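Breakdown of the fold
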Amino acid sequence: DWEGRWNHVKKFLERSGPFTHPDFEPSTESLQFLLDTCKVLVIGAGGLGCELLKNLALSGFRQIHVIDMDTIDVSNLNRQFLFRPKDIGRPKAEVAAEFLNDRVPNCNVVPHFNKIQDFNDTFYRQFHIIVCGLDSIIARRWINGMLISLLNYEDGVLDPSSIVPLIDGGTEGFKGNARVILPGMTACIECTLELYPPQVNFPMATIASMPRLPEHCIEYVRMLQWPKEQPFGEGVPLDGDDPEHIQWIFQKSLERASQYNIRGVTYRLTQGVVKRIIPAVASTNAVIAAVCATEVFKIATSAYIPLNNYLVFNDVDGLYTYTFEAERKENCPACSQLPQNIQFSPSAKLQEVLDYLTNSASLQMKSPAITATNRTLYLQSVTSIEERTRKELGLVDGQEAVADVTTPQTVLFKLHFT
Amino acid sequence: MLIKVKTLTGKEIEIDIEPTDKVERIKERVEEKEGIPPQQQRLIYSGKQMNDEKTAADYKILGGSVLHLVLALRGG
Amino acid sequence: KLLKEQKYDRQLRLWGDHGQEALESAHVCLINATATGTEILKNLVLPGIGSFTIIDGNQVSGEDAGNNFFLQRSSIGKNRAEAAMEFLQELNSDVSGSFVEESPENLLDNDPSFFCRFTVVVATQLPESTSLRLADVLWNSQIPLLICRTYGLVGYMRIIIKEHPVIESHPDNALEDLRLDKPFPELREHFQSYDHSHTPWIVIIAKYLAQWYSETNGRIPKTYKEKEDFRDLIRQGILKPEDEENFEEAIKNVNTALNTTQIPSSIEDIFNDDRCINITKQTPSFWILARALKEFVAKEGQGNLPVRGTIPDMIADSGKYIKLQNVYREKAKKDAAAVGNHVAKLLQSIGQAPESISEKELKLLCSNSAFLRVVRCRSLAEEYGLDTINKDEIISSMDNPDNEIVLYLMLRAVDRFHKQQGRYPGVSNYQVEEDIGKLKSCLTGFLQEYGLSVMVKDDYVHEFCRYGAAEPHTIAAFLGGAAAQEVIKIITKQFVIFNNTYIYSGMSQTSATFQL
Ligand SMILES: Nc1ncnc2c1ncn2[C@@H]1O[C@H](COP(=O)(O)OP(=O)(O)OP(=O)(O)O)[C@@H](O)[C@H]1O
């Protein structure tokens, strides 16, 4: 909107180039267009979110929406620059936009104090690109679905203008990863689902019978001792963020540690164990976010070739970044054009279809639900399951198909496996 | 056969593997030299991500071919 | 007071309170305050860095306020340095900001001894003339320099520290120091001292190992034929049909457990370093501890480093696991003092009082004995020297016209083109055409002055002219992120700094570290 402002962008849109993407047209109009027409949703507003918003804003984007279910907490102020202590307690999404729409002259950021799973296709169809900066997997998986259901198939053929580019960002300490997705072409989130490490899960046995680490003590005072002697009144849940709660858990983990004389219980650790905290700092987020950012700008302007669906980053030993093109599993429970033609047995029943979906390291669904042809074969989602928490009867009734699943937020879609 | 499996910090360790060793073993070889639990290793040879049930040959791994340890992250 | 811990918690879980302590006591000097410089400082101010001083002589341009998240239109015309300061200043009320309304050149002239006040100097977007000149003054003054640069979609970043030793290395995945291969008395005595699943997997392997010692005298060091059979031996110990999860665990562990003891190549190289061998009142804290270690190895270390004293978790009885833990803990504490003595003795044969080194430094140095790491950077001058230019590495890489190093050369080229022309390759929209040829004439001119027989796709020449020396924010951001961390690694002496030049490509979204 003023002299010389967007020079650091015009040069990539106004000028032609060697590595320029094919569909690239060098125009003086290109910019204004981006600024007026390009709608971009930014999921999450903390660490990545903040950084993302900044990057996008100064890259030439005006129409930006930010979604985010959380409310600012002091412990964010060490890397989520868009928040100040006075802002504590406020809606992250709100403040985020508030600040950004101010620092950057004519930006038009729209906040959404919601959790992505609040909207339905209708909503997401709006945007051209979507960038993630979520701190859970489910969420990623979920939005991954939603973005596929938008795909429109013209008799086996995918309509190009029904694909919404989904760029994802990941952080965790000094390590990070960024990827580009084109649901229905490039590998989805569900495709490279096993690239995620194994969540360290303590066998309850040791937690109650044979503790060894300070962690095992805390995890006890949390996973069991609290639910037992209702610490702060009956029914009351364990609010990980409520000091007095941690202080108690700390105190009790401190006493437990003493019983089996395991040293090493610090308040800070009691929080770690309880909140399942992930160490983080600005440094990293900056990097990853700055990458996804560029990609979006690439995708949106086509001024360069979009990254090939992957990049891993690591600061611990010097700087390192492997960049590869993950393969799209031709049987992705999610991005599979057709159903999941996969029979897991002939004679062997249907208790063998839940445990498959729930454990198979390729689906990992959480408390799923199977539908058939339209009768409900129990869904743990509360009284509609009890009427079926109950078999070779229908273990044959299914014939020999298109049993149909849908996991609690695992995916927004309805999974169809045969 | 002598392959190199670049760690997640680009260290790049060298390994002795015959085109019949299950991928699963390829990992134990890494853990032997680096102490990287096989549980949390995700190998990647030219896009394809090694399945610890197949064989080095199954993925066309030959001579001085480079494998990459990789990772996906939760936080944000 | 206790409000700070709540604030920097998520980062204290990375570099502890002590790291924070060091960080909160540093003082960074950011040379030019553009997008890159600003982003870098931002990623430091938030972490609570002690204090910073921005030295910028320029005035805020419209295009500046356009790519800087710390410069509003309202600040156009004022002093970029001052202007920027006031905004970053806001990020953290626990950081002390200062500025200098003068240029770097203007300083390297009228008062070089200035930068001696800083912990680390971070220079951003500098022309050759100034880079070389600064990387020198700072080098002599013993100041760490970090030259960062954003050009188009290329992120350039070279670090310059004569020598940087680090004790707390923080390594992702290393081999446990169980040392079953060369066990120590107490440990051995512990094993001799031996509810079946409630047994540490080590003991399990230690026992079945002790047995394999009699029926052979062997060690199971052969590898494939033995280790495997050793396992099978461990199965022949399963109780009448029950469990033995730990047993199976033991088994899986046999792939490691056997040889875990041996001095790491990297350390030997330290031990063998001149700084470690010839000591003087001059020799710094670190190196003494290094020798103090070597001496331990030679004498009571019986060939190897001190025992780490940490053991992985393992399915085991509560008190049983602990007792085992302690065995190691105690041994480690002993070897600890051992190394502690050699230290004193050394400090003595030099003058400095045996209390010149804290017990904390010692007990740490030992735990990370096997992870020590030292980094020496070639002075900037040496890399730009005609006889010294590490041209082996340049050519070695260029065996792939799409190797990030191309970009390095290109910059050198551009930089030449600048000194020569007075402006950069195609800043204005018409200079493109004209300059493309002019630029290549410099890429070559450069390549000959050093005698580098390499092929640079003409494309990279057009490209850079296209960039028009633009500082895209998403690039400056990336760079500011990676850079910021290095600055910390330096301040905290807590991790391993990358060595020599780092290069990031926006187009390919790829990077590579270089020469050394
Ligand atoms: N399923 C979800 N739907 C919408 N927003 C989400 C979802 N999950 C996380 N977010 C938001 O994503 C961001 C996660 O990044 P952030 O690093 O701040 O994590 P926390 O703040 O979740 O964790 P921490 O306590 O370690 O800071 C937050 O802004 C959070 O509210």
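Residues numbered from 1 in each chain as written, not as in the entry; some residues may be left out. Chains lettered and ligands numbered in written order. Heavy atoms only, no water. Residues with missing side-chain atoms left out of burial classes, pairs and counts.

**Some details on the overall build of chain C**
Going by this rule: Strands here are runs of E lasting at least two residues and helices are runs of H or I lasting at least four, both read from the DSSP assignment and numbered beginning at the N terminus. For every residue, the accessible area (1.4 Å probe, protein chains only) is compared with the maximum for its type, and the residue is labelled buried under 20%, exposed over 50%, or partly exposed between those bounds. The convention is simple: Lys and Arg are positive, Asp and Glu are negative, and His and the chain ends are not counted. The atom standing in for a charge is NZ when the residue is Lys, CZ when it is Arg, CG when it is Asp and CD when it is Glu.
If you tally the helices and strands in chain C, you get 22 helices and 10 strands. Across its three principal axes, chain C shows a C-alpha extent of roughly 85 × 50 × 45 Å. The 516 residues of chain C split such that 58% are buried. Each charge class in chain C was averaged separately, 55 positive and 71 negative side chains, and the resulting centres sit 4 Å apart.

**With respect to the site of the ligand**
As a reminder of what qualifies: Summary of the distance rule: residues count as near a molecule or strand when at least one heavy atom falls within 4 Å of that molecule or strand. Where accessible areas are quoted, they stem from the Shrake-Rupley method and a 1.4 Å probe; at the residue level, only the protein chains shown are allowed to cover. Note that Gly is not counted as nonpolar here; it falls among the polar residues with everything else outside the nonpolar set of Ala, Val, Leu, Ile, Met, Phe, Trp, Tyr, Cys and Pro and the charged set of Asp, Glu, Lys and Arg.
The environment of the ligand is made up of 18 residues, and the closest members are A:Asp68, A:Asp70, A:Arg79, A:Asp135 and C:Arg10. Close to the ligand, residues of chains A, B and C are found. In isolation the ligand has 620 Å² of accessible area, and contact with the protein removes 87% of it. In terms of residue class, the shell around the ligand is made up of 5 nonpolar, 6 polar and 7 charged.

**A look at helix α1 (residues 23-34) of chain B**
Note on helix geometry: an α-helix contains 3.6 residues per turn, so any two residues three or four positions apart are oriented the same way. Basically, it comes down to this: Multiplying 1.5 Å by the residue count of a helix minus one yields the expected span of that helix. Only heavy atoms enter the contact rule, under which two residues are in contact if any of them lie within 4.5 Å.
In a regular helix each residue adds 1.5 Å, so 12 residues correspond to 16 Å; α1(B) covers 17 Å between its end C-alpha atoms and thus fits that length. Among the residues of α1(B), those classed as buried are B:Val23, B:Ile26, B:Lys27, B:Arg29, B:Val30, B:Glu31 and B:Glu34. Those residues of α1(B) hidden inside the fold are in contact with β1 (2-6), β2 (13-16), β3 (43-45) and β5 (66-69) of chain B together with α11 (245-257) of chain C.

**Quick word on helix α5 (residues 80-91) of chain C**
Relative to the 16 Å expected for 12 residues at 1.5 Å per residue, α5(C) spans 17 Å between its end C-alpha atoms, a close match to the ideal helical length. Those residues of α5(C) that sit buried are C:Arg80, C:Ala81, C:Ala83, C:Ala84, C:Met85, C:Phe87, C:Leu88 and C:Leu91.

**Quick word on the interface of chain C and chain A**
Keep this limit in mind: Defined in terms of a 1.4 Å probe, buried area is the accessible area two parts forfeit on being brought together, summed over both. The salt bridge definition used is simple: a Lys or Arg side-chain nitrogen within 4 Å of an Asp or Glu carboxyl oxygen. In protein, a polar contact means a hydrogen-donor-capable atom and an acceptor-capable atom, both N or O and within 3.5 Å, with residues adjacent in sequence counting only if both atoms are side-chain atoms; elsewhere, any N or O pair within 3.5 Å suffices.
Across the boundary between the two partners, chain C contributes 84 residues, which contact 80 residues of chain A. Ranking the residues of chain C by area buried against chain A places C:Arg10, C:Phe69 and C:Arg466 at the top, with a combined share of 15%. Taken together, chain C and chain A are joined by 9 salt bridges. For C:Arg73, the salt bridge is made with A:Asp1, and the minimal N-O distance between the two is 4.0 Å. Counting every contact that joins chain C to chain A gives 37 residue pairs in polar contact. In terms of residue count, the dominant contributor to the side of chain C that touches chain A is helix α22 (residues 473-493) of chain C (10 residues).

**A closer look at the interface of chain C and chain B**
Of the residues lining the interface, 9 residues belong to chain C; the matching set on chain B comes to 11 residues. Summed over the three residues of chain C that lose the most area to chain B, namely C:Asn173, C:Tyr224 and C:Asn255, the buried surface amounts to 59% of that side. On the surface where chain C and chain B come into contact, there are 1 salt bridge. At the junction of chain C with chain B, the criterion picks out 2 residue pairs in polar contact. Counting only elements with at least two residues in the side of chain C that touches chain B, the list comes to α10 (226-235) and α11 of chain C. Its residues assigned to classes, the side of chain C that touches chain B comprises 3 nonpolar, 4 polar and 2 charged.

**A closer look at the side chain of C:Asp335**
Mapped onto the elements of the fold, C:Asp335 is located in helix α15 (residues 318-348). The contact partners of C:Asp335, leaving out residues within four places of it in the chain, are C:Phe296, C:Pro306 and C:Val307.

**As for a negative patch on the surface**
Our working definition: Think of a patch as exposed residues, more than 30% relative accessible area, with no salt bridge, where like charges cluster within 9 Å and nonpolar side chains (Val, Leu, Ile, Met, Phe, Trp, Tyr) cluster within 5 Å.
Judged by side-chain charge, B:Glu12, B:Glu14, B:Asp16 and B:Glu18 come together as a negatively charged surface patch. On the secondary structure map, B:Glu14 appears in strand β2.

**Concerning the pairing of strand β2 (residues 51-55) of chain C**
All names here are of chain C. Here is the rule: Crossover handedness is defined by viewing with both strands directed away from the observer: a clockwise path from the first strand over the helix to the second marks the crossover as right-handed. Any two strands between which DSSP finds at least two bridges are classified as paired.
For β2, a buried count of 5 out of 5 residues is recorded, marking the element as mostly surrounded by other parts of the structure. In β2, alternate side chains face the same way, and those of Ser51, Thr53 and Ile55 on one face and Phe52 and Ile54 on the other are all buried. The β-α-β motif built from strand β1 (residues 28-30), the intervening helix α3 (residues 35-45) and the parallel element β2 has right-handed crossover chirality. In terms of strand pairing, β2 meets strand β3 (residues 96-100) through 5 bridges, oriented parallel. Bridged to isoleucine 55 within β3 is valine 100.

**A look at the side chain of C:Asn79**
Residues and elements named next belong to chain C. Within the secondary structure layout, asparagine 79 lies in the loop between α4 (62-65) and α5. On the accessibility criterion, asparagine 79 (7% relative accessible area) is buried. Within polar-contact distance, the side chain of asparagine 79 engages the backbone oxygen of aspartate 56 at 3.4 Å. From its side chain, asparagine 79 meets the backbone oxygen of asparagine 58 in a polar contact 2.8 Å long. Those residues in contact with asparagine 79, other than ones at most four positions away along the chain, are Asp56, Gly57, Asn58, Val60, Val100 and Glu101.

**Some details on the pairing of strand β7 (residues 166-172) of chain A**
Residues and elements named next belong to chain A. Among the 7 residues of β7, 6 are classified as buried, and the element is accordingly described as predominantly covered. In this structure, strand β4 (residues 129-132) lies alongside β7, joined through 2 bridges in parallel fashion. Pairing of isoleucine 130 across the sheet is with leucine 166, part of β7. Summarising the sheet, β7 and strand β8 (residues 175-181) pair through 7 bridges and their orientation is antiparallel. What sits directly across from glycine 169, in β8, is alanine 178.

**Digging into the packing of α3(C) against α5(C)**
All names here are of chain C. The test is simple: Here the axes come from fitting lines to C-alpha atoms, over the contacting stretch only for helices, and the angles between their N-to-C directions go from 0 to 180 degrees. Each angle gets one of four labels, with under 35 degrees taken as roughly parallel, over 145 as roughly antiparallel, 65 to 115 as roughly perpendicular, and the rest as oblique. Handedness of a helix crossing follows the sense of rotation of the near helix relative to the far helix, less than a right angle counterclockwise being left-handed and clockwise being right-handed.
Interaxial distance between α3 and α5 falls to 9 Å at its minimum, and their mutual angle equals 30°. Considering their axes alone, α3 and α5 lie roughly parallel with respect to each other. Between α3 and α5 lies a crossing whose hand is right-handed. On α5, the residues that touch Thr38, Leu41, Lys42 and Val45 of α3 are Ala84, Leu88 and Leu91.

**Quick look at the sheet that holds β7(A)**
Adjacent strands of a sheet pair through backbone hydrogen bonds, lying either parallel or antiparallel. Residue and element names in this part refer to chain A. Taken in spatial order, the 8 strands make up an open sheet running β3-β2-β1-β4-β7-β8-β9-β10, and their pairing is mixed. Taken across any chain shown, the strands that pair with only one partner, and hence form the sheet edges, are β3 (108-112) and β10 (320-322). Taken pair by pair, the neighbouring strands of this sheet meet at an average axis angle of 15°, ignoring direction. Across 3 bridges, strand β9 (residues 311-314) lies against β10 in antiparallel orientation. When the bridges of β10 are listed, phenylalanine 313 appears paired with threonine 321.

**What about the domain arrangement of chain C?**
Residue and element names in this part refer to chain C. For the record, the criterion: Note: domain ranges come from an automatic or database domain assignment.
Parsing chain C into structural domains produces domain 1 (1-173 + 370-516) and domain 2 (174-369). Placing the centre of domain 1 and that of domain 2 at their C-alpha centroids yields a distance of 42 Å. In total, domain 1 and domain 2 occlude about 1,400 Å² of area from one another, counting both sides; carbon and sulfur atoms represent 66% of this. The largest per-residue losses of area from domain 1 upon contact with domain 2 belong to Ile167, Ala370 and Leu372, which jointly make up 49% of the total buried on that side. Scanning the region where domain 1 abuts domain 2 turns up 2 salt bridges. Among the elements of the structure, β7 (164-166) and β8 (373-375) are those that each provide at least two residues to the side of domain 1 that touches domain 2. When its residues are assigned to classes, the side of domain 1 that touches domain 2 shows 7 nonpolar, 2 polar and 5 charged.

**Here's the deal with the sheet that holds β2(B)**
All names here are of chain B. One open sheet accounts for 5 strands, arranged β2-β1-β5-β3-β4; its pairing is mixed. In the strand order of this sheet, the two ends are held by β2 and β4 (48-49), each with one partner. Pairing of β1 with β2, which is carried by 4 bridges, proceeds in the antiparallel orientation. When the sheet's bridge partners are listed, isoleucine 3 is paired in β2 with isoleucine 15. Contacting β1, β2, β3 and β5, α1 crosses the sheet at an angle of about 130° to β2.

**Section: the nonpolar core**
Residues and elements named next belong to chain C. For clarity, the cut-off: For the purposes of this section, nonpolar cores are sets of buried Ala, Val, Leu, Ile, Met, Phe, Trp, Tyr and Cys residues that join through side-chain atoms within 4.5 Å.
Grouped together as the largest cluster of nonpolar side chains are 175 residues, with contacts concentrated most on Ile54, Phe115, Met157 and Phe464. Among the elements that make up this core, the one with the highest residue count is α22 (11 residues). Ranked by size, the runner-up nonpolar core spans 32 residues in total, among them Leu187, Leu209, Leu258 and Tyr328.

**Thoughts on unusual backbone geometry**
With a phi angle near 70°, B:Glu12 is a residue other than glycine that sits in the positive phi range. Within the secondary structure, B:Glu12 is located in the loop between β1 and β2. A positive phi angle, near 105°, is found at C:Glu244, a position not held by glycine. Topologically, C:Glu244 is positioned in the loop between α10 and α11. Residue C:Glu244 is classed as buried on the basis of its relative accessible area of 6%.

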